[PDB]
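Residue numbers (my numbering): 232 to 589.
Structure representation (structure tokens):
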């Protein structure tokens, strides 16, 4: 089936064009001038392109087709439609002499990432305004809710580089679903996923039956990173990453290790007392921020927050203000324009806090 298509290339240092069919009843020529790689990954590279027909700049993720492990990326991409997840526009094959097959995913062009924006603030040695922290983290959690509930998929690699940012609207969209999977109880999963800094400690203790909570740990770590202006848990390796977590949270209880991975059994380690959240962040930093960070960063995944619940956290009261705006006067992005399926997560309590009076 598939119904993915071939490309044709025009090359030679002067230009770099790829020609394509769009979709269909009569198919139509669509072309892209390639330019400027803006990221890689273990399988493929993301590069900018100009759609020669329309004019629209786009971001084409060239994925190297190596059997290795699951795709699922295209499967998810086709069937997702939400303001805070990236829109797939087209997909095609970009094969060349010998080598092998490349699958190209033509995504909408969003320039900056959270990683870039954070680097900007950090290199001026001055912290990033809370408004933005609230907007981005809120928009992650919203997207996560849709993924977890509507689509039923766990993104499974929430990291700053996988989060696009419009510098004008300050709209954020989740990127790169190479690691995403519909988590099924019973059928065991891969243990070793998610960038190490943002990796939930279930995955560290070799879990296999894990929930969507792993992504909510990741947003916990992103949020911390935005407040701290540096990675909260900068692990060098799996073991060093574990310790980095222990330095803040303290040593896990046997009950907590149960919740994380029952099969693991004992954990040979001394009992380090937790370095309290209060002394992890500034006195400046809003209590609501620390409260959220702490609820997101727990060992036991069940006690961890859910995406939609997080969205309704007091920390995002500011965003729900009727007079709320970007610091340059311009309005906030779409925040509360929920679809009914988005809010199929029952609680009316939640709904009421979630959508403001306006």
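Where a beta carbon is used, it is the ideal one built from N, C-alpha and C, also for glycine.
Contact fails between the segment 449-457 and the segment 497-508, because fewer than three Cβ pairs, one in each stretch, are under 8 angstroms apart. A buried status is given to residue 487, since no fewer than 16 other beta-carbon atoms sit within 10 Å of its beta-carbon. Less than 9 angstroms divides the Cβ of residue 405 from the Cβ of residue 375.
Unbroken alpha helix (DSSP H) runs of no fewer than 4 residues, entirely contained in the segment 335-380, are found at 345-354 and 361-376, following chain order.
Here DSSP, grouped into helix, strand and coil, assigns residue 289 to strand. Taking the Cα of residue 277 as reference, the smallest distance to any Cα among 263, 289 and 293 is reached at 293.
Secondary structure note for residue 267: its beta strand (DSSP E) is the uninterrupted segment 261-268. Leaving aside the five residues that flank residue 464 on each side, the residues in its chain whose CB is nearer than 7 angstroms to its CB run, in chain order, 428, 452, 472, 475 and 476. Per DSSP, reduced to three states, the secondary structure at residue 383 is coil, with no helix or strand assignment.
Pairing residue 247 with residue 265 gives a Cβ-Cβ distance under 9 angstroms. Non-local C-beta neighbours of residue 320 in its own chain, meaning closer than 8 angstroms and more than five positions away in sequence, comprise 289, 337, 338 and 339, ordered along the chain. Residue pairing by DSSP leaves residue 318 without any beta bridge partner. Straight through space, the alpha carbons of residue 296 and residue 445 are spaced by roughly 27 angstroms. Assigned with DSSP and collapsed to three states, residue 510 falls in helix. The segment 539-553 and the segment 370-387 touch, with three or more beta-carbon pairs separated by less than 8 angstroms. Contact annotation, residue 397 with residue 433: C-beta distance approximately 33 angstroms; criterion of less than 8 angstroms not satisfied.
Residue environment for residue 258: exposed (fewer than 16 other C-beta atoms within 10 angstroms of its C-beta).
Of the residues 560, 478 and 368, the one whose Cα lies closest to the Cα of residue 519 is 368.
Per DSSP, residue 281 is one residue of the beta strand (DSSP E) stretching across 276-282.
By the neighbour-count criterion, in which 16 or more other beta carbons inside 10 Å mark a residue as buried, residue 537 falls on the buried side.
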